[PDB]
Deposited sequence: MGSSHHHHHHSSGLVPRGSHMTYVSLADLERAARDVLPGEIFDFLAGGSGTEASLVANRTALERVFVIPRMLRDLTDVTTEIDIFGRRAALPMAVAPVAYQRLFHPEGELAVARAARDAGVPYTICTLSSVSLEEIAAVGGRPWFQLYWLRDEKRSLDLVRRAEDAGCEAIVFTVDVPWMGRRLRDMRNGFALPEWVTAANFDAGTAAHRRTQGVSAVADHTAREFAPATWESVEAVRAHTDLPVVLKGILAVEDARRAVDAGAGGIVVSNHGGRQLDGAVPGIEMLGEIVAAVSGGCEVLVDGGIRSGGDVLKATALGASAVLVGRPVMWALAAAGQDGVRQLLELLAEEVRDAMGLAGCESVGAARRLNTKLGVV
């Protein structure tokens, strides 16, 4: 019986080995960007509206051609068998049952085809490989398996400096592997090549699926993403795991939404920890959010049923926040105003 997402973090801390909790919790460098993701959300206040018709409040959205139950997807998180033996299958099953898109990772610890077979109209996250030809094979596999969007991660030319992982001497256990094919940082520097705008065009030409660029923070990169034919972007500093000192996505979101001016979907992530945070993101103009660490807390704590409980809690919090703010729909929530405060 969890009444907040924070209840799940406490539960996950109890069960996970310290080094795996640190792999999950940590960020790069001094963790300034990790902390700032939370600080930035905490400074945003919503100006709610009153006395509106709430006889049919709905939290649903249409995105990338599918109805989703909430303005929320499960973020790509590598190697989910680190957290629970059922790994990605547990999370994908719960997401399917909740009507929430699940992002299958390039570095999934269960093969993308197995996770796709769970159903639920999943997305696929791409890391750019050694060459155009192989990268494009994963994309084609994902499309053949029924994935509905390609989430191209664009903020990882290589992995950031994870000092918790370095200090812990973290490496994957023998029983966790990259099923589609700091020791994890060394492996990435060797196996993956930096993506460029040319890589984006190669992907866009290889699939009719919407291509979503994850890790955009500069306004002109958002504009360029639209010009490049992206169907969406995720405004994100990769949970503070990449450039330490990168601005939080939530701080760039409003300016990016204005610049994009409806030319693509604009998602955000980093520190979303409640339905109220989802409302803040929506009020700043997001189409939807991604949620990362909390989904893994729930997986660690109680497997598939833990993820189900998390998604049920988030669904209740989103409905609650929307109605209290006078919003019968997510579109109405996007028209809310906000104020910055001091915390």
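Unmodelled regions of the deposited sequence, numbered from residue 1: 1-21, 203-215.
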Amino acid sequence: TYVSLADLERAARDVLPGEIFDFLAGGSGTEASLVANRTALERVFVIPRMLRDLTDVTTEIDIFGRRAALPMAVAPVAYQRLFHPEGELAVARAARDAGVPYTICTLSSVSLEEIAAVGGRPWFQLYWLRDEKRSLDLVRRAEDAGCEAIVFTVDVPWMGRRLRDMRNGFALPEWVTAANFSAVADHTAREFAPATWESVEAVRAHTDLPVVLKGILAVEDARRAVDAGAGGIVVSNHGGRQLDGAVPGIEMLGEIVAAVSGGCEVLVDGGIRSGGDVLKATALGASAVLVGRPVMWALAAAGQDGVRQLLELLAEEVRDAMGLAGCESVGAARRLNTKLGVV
From here on, numbers count along this sequence of modelled residues.
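Taking only CA atoms, the mean B-factor in the PDB entry is higher for 25-33 than for the other of 25-33 and 287-295.
Mean CA temperature factor is higher for 199-207 when stretches 147-155 and 199-207 are set side by side in the entry. Between the residues 241, 214, 121, 223, it is 121 that shows the highest Cα B-factor in the PDB record.
The PDB entry assigns its highest CA temperature factor, among 268, 172, 95, 264, to 172.
Residue 334 sits in the lowest third of its chain by CA B factor, as recorded in the PDB entry. Among the modelled residues of the chain, residue 85 sits in the highest third by CA temperature factor in this PDB entry. Residue-level temperature factors show residue 189 in the highest third of its chain, judged at the C-alpha atom. Compared with the other modelled residues of the chain, the Cα B-factor recorded for residue 229 ranks in the middle third. Ranked within its chain, residue 47 lands in the lowest third, by CA B factor from the PDB record.
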